[PDB]
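S.K.: Starting off with a structure, shown below.
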Amino acid sequence: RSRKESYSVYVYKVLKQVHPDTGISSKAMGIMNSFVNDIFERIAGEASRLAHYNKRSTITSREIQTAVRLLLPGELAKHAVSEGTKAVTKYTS
Amino acid sequence: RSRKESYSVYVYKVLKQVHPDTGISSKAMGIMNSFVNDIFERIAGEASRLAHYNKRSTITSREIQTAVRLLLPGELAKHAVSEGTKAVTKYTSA
Amino acid sequence: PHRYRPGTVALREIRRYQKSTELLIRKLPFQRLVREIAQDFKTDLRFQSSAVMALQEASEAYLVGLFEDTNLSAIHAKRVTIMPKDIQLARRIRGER
Amino acid sequence: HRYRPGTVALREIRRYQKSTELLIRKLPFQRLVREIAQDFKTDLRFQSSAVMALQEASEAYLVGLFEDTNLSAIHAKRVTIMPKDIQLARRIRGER
Amino acid sequence: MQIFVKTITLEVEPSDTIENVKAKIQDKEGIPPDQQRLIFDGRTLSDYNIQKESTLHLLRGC
Amino acid sequence: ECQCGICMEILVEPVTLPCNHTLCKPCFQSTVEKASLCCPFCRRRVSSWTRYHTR
Amino acid sequence: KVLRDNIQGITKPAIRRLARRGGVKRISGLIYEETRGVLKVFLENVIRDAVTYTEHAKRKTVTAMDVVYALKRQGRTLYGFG
Amino acid sequence: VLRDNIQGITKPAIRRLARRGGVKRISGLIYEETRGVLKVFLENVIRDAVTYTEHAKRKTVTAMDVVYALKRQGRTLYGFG
Amino acid sequence: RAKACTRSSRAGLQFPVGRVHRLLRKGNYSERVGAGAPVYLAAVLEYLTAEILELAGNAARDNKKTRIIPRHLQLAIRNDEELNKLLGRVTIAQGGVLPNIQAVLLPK
Amino acid sequence: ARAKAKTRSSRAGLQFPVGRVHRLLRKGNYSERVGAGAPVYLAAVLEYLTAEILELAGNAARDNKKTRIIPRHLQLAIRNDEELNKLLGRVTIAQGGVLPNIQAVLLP
Amino acid sequence: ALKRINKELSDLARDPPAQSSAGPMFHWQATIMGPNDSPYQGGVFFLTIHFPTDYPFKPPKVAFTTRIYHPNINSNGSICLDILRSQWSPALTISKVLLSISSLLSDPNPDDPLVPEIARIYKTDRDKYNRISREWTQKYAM
DNA sequence: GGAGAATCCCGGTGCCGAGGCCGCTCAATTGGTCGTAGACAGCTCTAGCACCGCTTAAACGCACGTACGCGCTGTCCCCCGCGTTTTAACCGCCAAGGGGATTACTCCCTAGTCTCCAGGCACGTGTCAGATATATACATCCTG
DNA sequence: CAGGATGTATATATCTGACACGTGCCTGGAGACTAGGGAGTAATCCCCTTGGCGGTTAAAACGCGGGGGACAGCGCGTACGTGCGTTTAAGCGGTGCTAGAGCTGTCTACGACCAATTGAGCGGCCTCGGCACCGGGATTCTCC
Ligand SMILES: [Zn+2]
């Protein structure tokens with residue numbers, strides 16, 4: 001009885017926030033989970049590489065900001081960095 | 001006074017063992033160091049991914065064998081695996 | 001009688017198959033091919049149906065991409081018929097050979 | 001006295017494919033690099049080794065692209081490379 | 001005296017309760033008095049023996 | 001109707017929301033990144049519209 | 001010992017409909033061998049990684065995750081199988 | 001400030017690059033397209049290089065930063081550590 | 001003790017900040033992990049998921065359907081330039097292809 | 001005065017530093033713990049690859065009537081060998097040039 | 001944004017907020033009456049208002065200043081309400097906020113309270129909650 | 001086949017980058033000990049493999065005729081080769097200094113443990129969006 | 001341009017099973033806490049970068065001539081799409097078997113960790129010779 005974890009619940013919540021009256025197929029949820037895991041792995045690997053390059057040992061908002069700027073292209077990165085800073089601001093406040 | 005480390009001495013030793021009467025440029029040594037670092041990073045990353053996939057926590061020679069088989073193609077991979085197995089056998093005997 | 005001029009049926013087939021998402025190869029011969037290919041690396045191997053489906057999906061996507069590239073190359077050659085020269089050029093340019 | 005067209009092109013191909021010298025002028029290349037970098041952070045400073053590495057990478061990339069576009073032009077049954085060949089090569093390689 | 005918050009400088013002498021200082025901070029900045037705590041209500045600045053230019057540090061909001 | 005729906009000031013460089021809402025350029029370019037990336041009037045999401053019309 | 005005739009299992013109409021999905025107008029007759037050669041090369045490359053993943057796992061069957069890892073290591077990440 | 005530095009890539013320089021690439025004959029329109037392609041490539045590399053530099057909080061772009069920017073695009077470069 | 005409030009609620013997010021932190025500290029990415037790093041990462045992931053889902057829903061509603069399918073996901077990804085560039089080397093199962101025909105092949 | 005210091009490379013008859021490889025492994029955040037034979041195997045593989053590359057470069061240099069190995073020789077050796085070419089198809093070498101070849105169509 | 005504050009104030013002057021009341025321009029004093037058929041009925045409750053320089057894009061700093069027995073209000077008078085923390089929107093008036101506050105006084109939320117003990121009392125013994133709330137309304141609000 | 005223009009090679013020269021010598025210290029080794037990850041036995045059962053049988057849509061094979069691939073030809077313009085003129089790269093030299101690398105230190109942030117609980121997981125469930133069927137209108141092509 | 005042959009989208013019916021919903025429980029997230037070390041900050045030193053200058057000259061831009069190759073055109077052969085009639089394994093479904101995946105429970109070799117020791121590589125500091133260079137003779141390719 002191993003409890004396996006995914007992002008299905010949170011993906012469903014975000015879907016309800018965006019389109020309150022739209023469903024999603026079960027296989028599409030697997031695709032969304034794979035996408036989330038892939039993006040998480042990419043960002044974590046880039047942050048780890050940045051930390052190693054700077055001879056540091058801690059991962060902060062600076063490393064993730066740099067990784068997001070490196071990965072996401074163009075206007076997509078601008079909004080993403082804006083969202084992350086706002087979330088940090090509320091959490092710190 | 002950062003005592004930077006590289007593989008220049010060992011590369012020179014291997015070069016002398018292969019061709020006893022051949023020189024090497026300084027820039028060529030840097031290229032060899034970069035190549036060695038790149039290959040080491042590739043193999044270490046592949047072994048770490050294998051260990052994570054198999055839900056392990058120890059990187060052993062068995063993982064490195066699979067990493068070499070994944071990275072090096074064909075005859076080169078076969079020769080590398082043979083050399084590594086021979087070296088590990090000799091080290092264990094010693 | 002009734003006889004469509006050549007090309008129109010090809011265009012309607014393109015429209016049909018660019019709108020569907022089904023697999024375009026037969027499962028049993030694909031499985032036989034996969035088992036034949038895998039039998040020389042190691043014998044008496046077993047496969048999951050999910051693994052076979054993933055292999056078929058990847059192979060079909062790769063072939064569709066290759067066909068798009070070779071169609072673009074053939075059109076660049078001021079032609080409309082694909083030939084193995086175009087496929088070889090696409091493979092060479094994409095660094096697969 | 002004049003050579004027939006293309007012979008000096010072949011001889012200079014032989015000359016350049018054997019030498020490893022850099023084919024772009026360092027001063028204008030560095031000016032271009034600094035001009036491009038002006039659009040990200042102002043009053044930036046560069047290392048000579050960094051500029052040389054950028055030049056090496058740029059030359060290698062352009063040589064590869066020219067090889068691919070020459071291959072495409074030959075495939076089109078002609079010897080004169082045209083911008084459509086470069087566009088096809090870049091599109092096939094996935095750069096655009 | 002002087003008081004530092006770890007931020008509004010300066011504040012009252014070591015004679016007022018922490019509630020009054022929290023209310024003053026809330027009025028001057030908008031941060032709630034209960035946000036977040038006192039690190040270094042009923043006790044006063046003299047009870048904690050807070051001298052001049054002392055370094056003080058300022059919840060379950062939801 | 002010449003005033004903005006939020007600021008109640010003169011519409012300077014009016015911006016048309018996809019949900020038929022009219023608001024001035026200061027208020028629009030403030031509410032783009034102000035609170036929720038959503039429309040205050042009818043909760044119409046505009047992030048994709050904003051990205052499309054920025055270029 | 002599975003025969004080598006299975007490469008012919010990829011039928012000419014199947015290749016033609018794959019080309020149709022790819023956007024091909026018409027196909028030369030010589031293509032149907034080049035395409036199945038390319039497909040077999042690609043499948044050999046992917047399976048060579050899948051089988052060694054399974055062997056390192058000390059298993060006897062090939063899971064879907066082995067194929068996913070093999071495709072990912074070739075820069076061909078696949079979604080929909082975990 | 002400065003501008004119009006892209007013209008520093010002269011027609012003979014482009015011709016030499018093409019000859020090294022193995023091109024016998026060159027059309028007249030190749031030069032502007034080569035300028036554009038090189039500009040795009042340099043912008044893509046320099047963007048990542050500048051991001052790497054400004055992450056480390058320094059005003060000097062280094063060979064290691066350029067190497068990292070090239071490596072993250074799958075075009076690893078040797079000879080610079 | 002006291003009322004328990006989740007870090008996602010503190011940041012007003014939807015993704016699990018605690019789960020993200022656990023994955024970071026279990027993935028052997030660094031010896032120590034900063035406090036705001038899981039928050040920033042969860043925010044970025046939530047934004048990306050919302051961006052993809054909005055386009056998928058628009059594609060589905062343009063197709064007069066109410067459930068999002070891998071075909072809709074593929075159409076949404078391949079129609080946006082930024083998402084296409086981000087996922088240029090990604091294959092979606094049961095996604096199909098973007099319908100387009102070269103103008104040369106059309107009859108004239 | 002415990003024992004004569006003999007390196008693990010000397011035990012295995014290798015050249016690359018097994019101790020340095022082990023230190024780099026345990027300092028590289030690759031895993032919690034490192035096996036005993038892993039550094040030895042990795043050093044052996046690296047030594048074999050370097051030996052092969054140096055042999056090819058030396059043969060190329062002697063075919064060029066030279067005694068010093070240069071990046072041009074390294075590039076020629078790497079591009080000539082199919083195995084090394086496939087291994088390093090995405091690798092750029094400074095001062096390497098190109099492999100000399102002209103298409104038969106261009107020849108008169 | 002001062003005009004928006006005044007316009008809302010002018011509209012609030014035009015439309016009094018029923019039993020509740022508010023007004024001063026960043027610091028305003030809000031006085032509300034006990035909702036009908038409630039333990040707090042009859043008592044008058046005072047509230048504080050701080051206007052940040054982001055209205056109406058940021059909710060005002062609003063808290064209770066009258067001692068009360070309510071799970072969703074702490075001893076310092078802070079308020080646990082979505083429209084003040086999460087559901088804030090520039091398309092609502094302060095009168096709607098007052099009505100929601102009155103509803104919360106009539107209908108406390110034990111799932112996400114500010115005083116866990118009062119929430120436990122409300123969830124377990126509703127009569128005890130009503131009695132203690134009425135007692136505290138008489139002692140402080142009255 | 002000869003002229004000429006370039007290309008390769010041999011010889012003398014000088015330099016400067018490759019090769020060799022000397023601390024010494026820090027990174028390598030050796031030896032103990034202990035918690036534990038991993039190796040192994042053992043039991044369970046789920047999924048993979050193999051089979052049979054009936055349906056049938058898909059694959060296969062043939063005819064043709066038509067549209068396309070390819071060869072030939074005129075042209076013609078533009079691109080290459082050349083020379084003359086123009087200019088900016090470059091090597092050398094010097095100077096100013098902003099900024100990169102280290103040290104101290106201290107302090108604040110994060111690891112670690114304990115205790116508690118609630119949000120998510122595995123599991124029922126019913127209903128509702130999608131599919132199939134069939135009769136419509138509607139658009140497309142094609143041969144006249 | 002028109003009407004018929006032929007797909008093709010659509011409305012409505014009814015099925016059906018997939019997913020949005022509800023529930024017991026459990027373990028991973030949250031909280032309070034202490035301690036320790038990672039890093040933020042200042043100050044400092046010096047070093048590589050920026051900037052300038054002047055003489056050289058090799059490189060770049062202009063321009064003219066001509067020839068050759070890209071291109072439109074044309075004619076012709078052929079091969080491939082399109083249709084129709086004839087096989088055939090794919091597919092479903094169903095059954096049955098069993099090997100290997102997955103798990104739990106023990107137990108031990110072993111790898112992290114600390115203490116103690118010492119010598120190999122880094123840095124410096126040299127010496128010389130591999131090679132760049134320059135002039136000249138011999139060879140070769142290209143063109144008329
Ligand atoms: Zn406005």
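Identifiers in this document derive from the order of the structure tokens: chains are assigned A, B, ..., residues are numbered from 1 separately in each chain, and ligands are numbered from 1 in order of occurrence.
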Contacts from chain A to chain E, 12 Å maximum, only C-alpha atoms: show me the residue list as a list in words.

M.R.: residues 90, 91, 92 and 93 of chain A

S.K.: Would you put the residues from that selection into a file with N, CA, C and O atoms, as a compact mmCIF listing (two decimals), in the first residue's frame?

M.R.:
```
# COMPACT_ATOMS: atom_id res chain seq x y z
N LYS A 90 3.98 38.31 -0.66
CA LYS A 90 2.91 37.97 0.26
C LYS A 90 3.39 37.03 1.35
O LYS A 90 3.05 37.20 2.53
N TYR A 91 4.17 36.01 0.98
CA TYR A 91 4.65 35.06 1.98
C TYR A 91 5.57 35.73 2.99
O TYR A 91 5.47 35.45 4.19
N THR A 92 6.46 36.61 2.53
CA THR A 92 7.34 37.32 3.45
C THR A 92 6.56 38.29 4.33
O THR A 92 6.91 38.47 5.51
N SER A 93 5.53 38.92 3.79
CA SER A 93 4.73 39.87 4.56
C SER A 93 3.92 39.16 5.63
O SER A 93 2.76 39.49 5.88
```

S.K.: If you run DSSP on this backbone, which residues of chain D come out as alpha helix (DSSP H), and could you give them as an MDAnalysis selection string?

M.R.: chainID D and resid 7:18 26:37 48:75 83:93

S.K.: Considering only C-alpha atoms, tabulate each residue of chain D that lies at most 12 Å from chain C along with its nearest interatomic pair and the corresponding distance in Å to one decimal; arrange the rows by chain and ascending residue number and present them as JSON lines.

M.R.:
```
{"residue": "D:64", "atom": "CA", "partner": "C:93", "partner_atom": "CA", "distance": 10.0}
{"residue": "D:65", "atom": "CA", "partner": "C:93", "partner_atom": "CA", "distance": 9.6}
{"residue": "D:66", "atom": "CA", "partner": "C:93", "partner_atom": "CA", "distance": 11.4}
{"residue": "D:67", "atom": "CA", "partner": "C:93", "partner_atom": "CA", "distance": 9.3}
{"residue": "D:68", "atom": "CA", "partner": "C:93", "partner_atom": "CA", "distance": 6.2}
{"residue": "D:69", "atom": "CA", "partner": "C:93", "partner_atom": "CA", "distance": 9.0}
{"residue": "D:70", "atom": "CA", "partner": "C:93", "partner_atom": "CA", "distance": 10.8}
{"residue": "D:71", "atom": "CA", "partner": "C:89", "partner_atom": "CA", "distance": 7.9}
{"residue": "D:72", "atom": "CA", "partner": "C:89", "partner_atom": "CA", "distance": 7.4}
{"residue": "D:73", "atom": "CA", "partner": "C:77", "partner_atom": "CA", "distance": 8.9}
{"residue": "D:74", "atom": "CA", "partner": "C:77", "partner_atom": "CA", "distance": 9.9}
{"residue": "D:75", "atom": "CA", "partner": "C:77", "partner_atom": "CA", "distance": 7.1}
{"residue": "D:76", "atom": "CA", "partner": "C:77", "partner_atom": "CA", "distance": 4.9}
{"residue": "D:77", "atom": "CA", "partner": "C:77", "partner_atom": "CA", "distance": 8.0}
{"residue": "D:78", "atom": "CA", "partner": "C:77", "partner_atom": "CA", "distance": 10.2}
{"residue": "D:82", "atom": "CA", "partner": "C:76", "partner_atom": "CA", "distance": 11.4}
{"residue": "D:83", "atom": "CA", "partner": "C:76", "partner_atom": "CA", "distance": 11.6}
{"residue": "D:84", "atom": "CA", "partner": "C:76", "partner_atom": "CA", "distance": 8.0}
{"residue": "D:85", "atom": "CA", "partner": "C:76", "partner_atom": "CA", "distance": 7.9}
{"residue": "D:86", "atom": "CA", "partner": "C:76", "partner_atom": "CA", "distance": 11.1}
{"residue": "D:87", "atom": "CA", "partner": "C:76", "partner_atom": "CA", "distance": 10.1}
{"residue": "D:88", "atom": "CA", "partner": "C:73", "partner_atom": "CA", "distance": 7.2}
{"residue": "D:89", "atom": "CA", "partner": "C:93", "partner_atom": "CA", "distance": 7.0}
{"residue": "D:90", "atom": "CA", "partner": "C:93", "partner_atom": "CA", "distance": 9.2}
{"residue": "D:91", "atom": "CA", "partner": "C:69", "partner_atom": "CA", "distance": 8.6}
{"residue": "D:92", "atom": "CA", "partner": "C:69", "partner_atom": "CA", "distance": 6.1}
{"residue": "D:93", "atom": "CA", "partner": "C:94", "partner_atom": "CA", "distance": 5.4}
{"residue": "D:94", "atom": "CA", "partner": "C:94", "partner_atom": "CA", "distance": 8.4}
{"residue": "D:95", "atom": "CA", "partner": "C:94", "partner_atom": "CA", "distance": 11.0}
```

S.K.: What does the file look like for those residues with N, CA, C and O atoms, as a CSV table (one decimal), in the first residue's frame?

M.R.:
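In the end it all went to result.csv:
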```csv
chain,number,residue,atom,x,y,z
D,64,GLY,N,28.9,25.7,-39.9
D,64,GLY,CA,27.9,24.6,-40.0
D,64,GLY,C,26.7,25.0,-40.8
D,64,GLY,O,26.2,24.2,-41.6
D,65,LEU,N,26.2,26.2,-40.6
D,65,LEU,CA,25.0,26.6,-41.4
D,65,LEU,C,25.3,26.7,-42.9
D,65,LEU,O,24.5,26.3,-43.7
D,66,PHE,N,26.5,27.2,-43.2
D,66,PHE,CA,26.9,27.3,-44.6
D,66,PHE,C,27.1,25.9,-45.2
D,66,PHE,O,26.7,25.7,-46.4
D,67,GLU,N,27.6,24.9,-44.5
D,67,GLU,CA,27.7,23.6,-45.0
D,67,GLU,C,26.3,23.0,-45.3
D,67,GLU,O,26.0,22.4,-46.3
D,68,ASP,N,25.4,23.2,-44.3
D,68,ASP,CA,24.0,22.7,-44.5
D,68,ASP,C,23.3,23.4,-45.7
D,68,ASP,O,22.7,22.7,-46.5
D,69,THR,N,23.5,24.7,-45.9
D,69,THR,CA,22.8,25.4,-47.0
D,69,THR,C,23.5,25.0,-48.3
D,69,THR,O,22.8,25.0,-49.3
D,70,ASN,N,24.8,24.8,-48.4
D,70,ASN,CA,25.4,24.3,-49.6
D,70,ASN,C,24.9,22.9,-49.9
D,70,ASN,O,24.6,22.6,-51.1
D,71,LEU,N,24.7,22.0,-48.9
D,71,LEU,CA,24.1,20.7,-49.2
D,71,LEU,C,22.7,20.9,-49.8
D,71,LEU,O,22.4,20.2,-50.7
D,72,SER,N,21.9,21.8,-49.2
D,72,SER,CA,20.6,22.0,-49.7
D,72,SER,C,20.6,22.5,-51.2
D,72,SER,O,19.8,22.1,-52.0
D,73,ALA,N,21.5,23.5,-51.4
D,73,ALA,CA,21.6,24.0,-52.8
D,73,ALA,C,22.0,23.0,-53.8
D,73,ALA,O,21.5,22.9,-54.9
D,74,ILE,N,22.9,22.1,-53.4
D,74,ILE,CA,23.3,21.0,-54.3
D,74,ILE,C,22.1,20.1,-54.5
D,74,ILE,O,21.9,19.6,-55.6
D,75,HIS,N,21.4,19.8,-53.4
D,75,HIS,CA,20.1,19.0,-53.6
D,75,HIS,C,19.2,19.6,-54.6
D,75,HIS,O,18.4,18.9,-55.3
D,76,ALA,N,19.1,21.0,-54.6
D,76,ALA,CA,18.3,21.7,-55.6
D,76,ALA,C,18.8,21.7,-57.0
D,76,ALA,O,18.3,22.4,-57.8
D,77,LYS,N,19.9,20.9,-57.3
D,77,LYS,CA,20.5,20.8,-58.6
D,77,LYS,C,21.0,22.2,-59.1
D,77,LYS,O,20.6,22.7,-60.1
D,78,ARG,N,21.9,22.8,-58.2
D,78,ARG,CA,22.6,24.0,-58.6
D,78,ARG,C,23.7,24.2,-57.7
D,78,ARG,O,23.8,23.6,-56.6
D,82,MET,N,21.4,30.2,-52.4
D,82,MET,CA,20.4,31.3,-52.4
D,82,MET,C,19.8,31.4,-51.0
D,82,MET,O,19.7,30.4,-50.3
D,83,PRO,N,19.2,32.5,-50.7
D,83,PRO,CA,18.7,32.7,-49.3
D,83,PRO,C,17.6,31.7,-49.0
D,83,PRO,O,17.4,31.3,-47.8
D,84,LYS,N,16.8,31.2,-50.0
D,84,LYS,CA,15.8,30.1,-49.7
D,84,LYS,C,16.5,28.9,-49.2
D,84,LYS,O,15.9,28.2,-48.4
D,85,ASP,N,17.7,28.6,-49.6
D,85,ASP,CA,18.4,27.4,-49.1
D,85,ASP,C,18.8,27.6,-47.7
D,85,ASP,O,18.6,26.6,-46.9
D,86,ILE,N,19.2,28.8,-47.3
D,86,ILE,CA,19.5,29.0,-45.8
D,86,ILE,C,18.2,28.9,-45.0
D,86,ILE,O,18.2,28.3,-43.9
D,87,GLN,N,17.1,29.5,-45.5
D,87,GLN,CA,15.9,29.4,-44.8
D,87,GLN,C,15.5,27.9,-44.6
D,87,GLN,O,15.0,27.5,-43.6
D,88,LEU,N,15.6,27.1,-45.7
D,88,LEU,CA,15.2,25.7,-45.6
D,88,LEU,C,16.1,25.0,-44.6
D,88,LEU,O,15.6,24.2,-43.8
D,89,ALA,N,17.4,25.2,-44.6
D,89,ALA,CA,18.3,24.6,-43.6
D,89,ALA,C,18.0,24.9,-42.2
D,89,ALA,O,17.9,24.1,-41.3
D,90,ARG,N,17.7,26.2,-41.9
D,90,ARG,CA,17.4,26.6,-40.6
D,90,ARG,C,16.1,26.1,-40.2
D,90,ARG,O,15.9,25.7,-39.0
D,91,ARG,N,15.1,26.0,-41.1
D,91,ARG,CA,13.8,25.5,-40.7
D,91,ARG,C,13.9,24.0,-40.4
D,91,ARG,O,13.3,23.5,-39.4
D,92,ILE,N,14.7,23.2,-41.2
D,92,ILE,CA,14.8,21.8,-41.0
D,92,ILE,C,15.5,21.5,-39.7
D,92,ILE,O,15.2,20.6,-38.9
D,93,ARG,N,16.6,22.3,-39.4
D,93,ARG,CA,17.3,22.1,-38.1
D,93,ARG,C,16.5,22.5,-36.9
D,93,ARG,O,16.9,22.2,-35.8
D,94,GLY,N,15.3,23.2,-37.1
D,94,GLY,CA,14.5,23.5,-36.0
D,94,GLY,C,14.8,24.8,-35.4
D,94,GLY,O,14.2,25.1,-34.3
D,95,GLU,N,15.6,25.7,-35.9
D,95,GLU,CA,15.9,27.0,-35.4
D,95,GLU,C,14.8,28.0,-35.6
D,95,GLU,O,14.8,29.0,-34.9
```

S.K.: Can you list every residue in chain F that DSSP puts in strand (DSSP E or B), as a VMD selection string?

M.R.: chain F and resid 3 10 15 to 16 22 to 23 38 45

S.K.: Please return, as a PyMOL selection string, all residues of chain G lying within 6 Å of chain A when only C-alpha atoms are considered.

M.R.: chain G and resi 79-80+82

S.K.: Would you mind exporting N, CA, C and O atoms of the selected residues as a PDB file, in the first residue's frame?

M.R.:
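As written to disk, again_11.pdb reads:
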```pdb
ATOM      1  N   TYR G  79       4.997  12.571 -23.195  1.00  0.00           N
ATOM      2  CA  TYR G  79       3.989  12.812 -22.174  1.00  0.00           C
ATOM      3  C   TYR G  79       2.830  11.835 -22.328  1.00  0.00           C
ATOM      4  O   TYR G  79       2.454  11.447 -23.435  1.00  0.00           O
ATOM      5  N   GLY G  80       2.262  11.446 -21.193  1.00  0.00           N
ATOM      6  CA  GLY G  80       1.113  10.569 -21.178  1.00  0.00           C
ATOM      7  C   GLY G  80       1.363   9.163 -20.686  1.00  0.00           C
ATOM      8  O   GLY G  80       0.471   8.318 -20.812  1.00  0.00           O
ATOM      9  N   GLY G  82       3.433   8.752 -17.552  1.00  0.00           N
ATOM     10  CA  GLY G  82       4.073   8.914 -16.261  1.00  0.00           C
ATOM     11  C   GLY G  82       5.483   9.464 -16.364  1.00  0.00           C
ATOM     12  O   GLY G  82       6.346   9.141 -15.548  1.00  0.00           O
TER      13      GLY G  82
END
```

S.K.: Would you list the residues that come within 10 Å of ligand 1? Count only C-alpha atoms (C1' of nucleotides) and all ligand atoms and give the answer as an NGL selection string.

M.R.: (:F and (3-15 or 22-31)) or (:K and (1))

S.K.: Take the residues from that selection and write them out as an mmCIF file, in the first residue's frame, keeping C-alpha atoms.

M.R.:
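See again-v3.cif below for the written result:
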```
data_model
loop_
_atom_site.group_PDB
_atom_site.id
_atom_site.type_symbol
_atom_site.label_atom_id
_atom_site.label_comp_id
_atom_site.auth_asym_id
_atom_site.auth_seq_id
_atom_site.Cartn_x
_atom_site.Cartn_y
_atom_site.Cartn_z
ATOM 1 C CA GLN F 3 -14.607 58.813 -17.784
ATOM 2 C CA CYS F 4 -12.792 55.653 -16.743
ATOM 3 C CA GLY F 5 -14.763 52.958 -14.956
ATOM 4 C CA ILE F 6 -12.346 52.858 -12.008
ATOM 5 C CA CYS F 7 -10.453 56.140 -11.634
ATOM 6 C CA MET F 8 -13.536 58.222 -12.587
ATOM 7 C CA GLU F 9 -11.082 60.557 -14.333
ATOM 8 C CA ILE F 10 -10.896 61.520 -18.001
ATOM 9 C CA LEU F 11 -10.261 58.580 -20.319
ATOM 10 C CA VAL F 12 -6.696 59.162 -21.531
ATOM 11 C CA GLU F 13 -5.751 56.649 -24.234
ATOM 12 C CA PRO F 14 -8.753 54.357 -23.613
ATOM 13 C CA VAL F 15 -8.087 50.616 -23.607
ATOM 14 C CA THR F 22 -13.668 50.628 -21.094
ATOM 15 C CA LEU F 23 -10.918 51.933 -18.810
ATOM 16 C CA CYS F 24 -8.192 54.535 -19.166
ATOM 17 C CA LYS F 25 -4.549 53.798 -19.920
ATOM 18 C CA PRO F 26 -3.280 54.561 -16.365
ATOM 19 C CA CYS F 27 -5.970 52.411 -14.741
ATOM 20 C CA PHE F 28 -5.582 49.674 -17.366
ATOM 21 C CA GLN F 29 -1.789 49.478 -17.138
ATOM 22 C CA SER F 30 -2.097 49.483 -13.340
ATOM 23 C CA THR F 31 -4.752 46.744 -13.149
ATOM 24 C CA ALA K 1 -7.111 57.633 -5.668
#
```

S.K.: Name all residues at most 9 Å from residue 100 of chain M (count only C-alpha atoms (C1' of nucleotides); drop same-chain ones fewer than 3 positions away) and give them as a PyMOL selection string.

M.R.: chain G and resi 59-61

S.K.: Using only C-alpha atoms (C1' of nucleotides), I'd like every residue of chain A that has an atom within 9 Å of chain M; please write them out as a list in words.

M.R.: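 The complete set of qualifying residues is residues 23, 24, 25, 26, 56, 57 and 58 of chain A.
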
S.K.: Hey, what's within 10 Å of residue 87 of chain B if we count only C-alpha atoms (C1' of nucleotides) and toss same-chain stuff fewer than 3 positions away? As an NGL selection string, please?

M.R.: (:B and (81-84 or 90-93)) or (:J and (9 or 11-14 or 37 or 40-45))

S.K.: From the list E:43, E:23, E:59, E:54, which residue is nearest residue 2 of chain E when using only C-alpha atoms?

M.R.: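 Smallest separation from residue 2 of chain E among the options: E:54.
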
S.K.: With only C-alpha atoms considered, list every residue of chain H at most 9 Å from chain A, as a ChimeraX atom specification.

M.R.: /H:47-48,51-52,54-56,72

S.K.: Tell me, in Å to one decimal, how far atom CA of residue 31 of chain B is from atom CA of residue 70 of chain J.

M.R.: 9.7 Å

S.K.: For chain H against chain M, which residues fall within 9 Å using only C-alpha atoms (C1' of nucleotides), given as a ChimeraX atom specification?

M.R.: /H:10-12

S.K.: Show me, as a ChimeraX atom specification, the residues of chain J whose atoms get within 9 Å of chain H, using only C-alpha atoms for the distance check.

M.R.: /J:90-95,97-98,100-103,106

S.K.: Counting only C-alpha atoms, which residues from chain J have an atom at most 12 Å from any atom of chain C, and could you show them as a list in words?

M.R.: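 Taking only C-alpha atoms into account, residues 82, 85, 86, 89 and 90 of chain J sit within 12 Å of chain C.
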
S.K.: How would the residues just picked look written out with N, CA, C and O atoms as a short mmCIF file (atom, residue, chain, number, x, y, z; two decimals), in the first residue's frame?

M.R.:
```
data_model
loop_
_atom_site.label_atom_id
_atom_site.label_comp_id
_atom_site.auth_asym_id
_atom_site.auth_seq_id
_atom_site.Cartn_x
_atom_site.Cartn_y
_atom_site.Cartn_z
N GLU J 82 34.56 7.59 -36.57
CA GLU J 82 33.10 7.63 -36.51
C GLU J 82 32.59 7.58 -35.08
O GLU J 82 31.65 8.30 -34.72
N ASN J 85 33.30 10.86 -33.41
CA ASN J 85 32.47 11.87 -34.06
C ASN J 85 31.03 11.82 -33.54
O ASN J 85 30.43 12.86 -33.27
N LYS J 86 30.47 10.61 -33.41
CA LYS J 86 29.13 10.49 -32.86
C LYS J 86 29.09 10.87 -31.39
O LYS J 86 28.11 11.46 -30.92
N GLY J 89 29.47 14.93 -31.46
CA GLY J 89 28.89 15.61 -32.60
C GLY J 89 28.41 17.02 -32.31
O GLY J 89 28.27 17.82 -33.23
N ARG J 90 28.16 17.33 -31.04
CA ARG J 90 27.68 18.64 -30.63
C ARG J 90 28.75 19.45 -29.91
O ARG J 90 28.43 20.40 -29.19
#
```
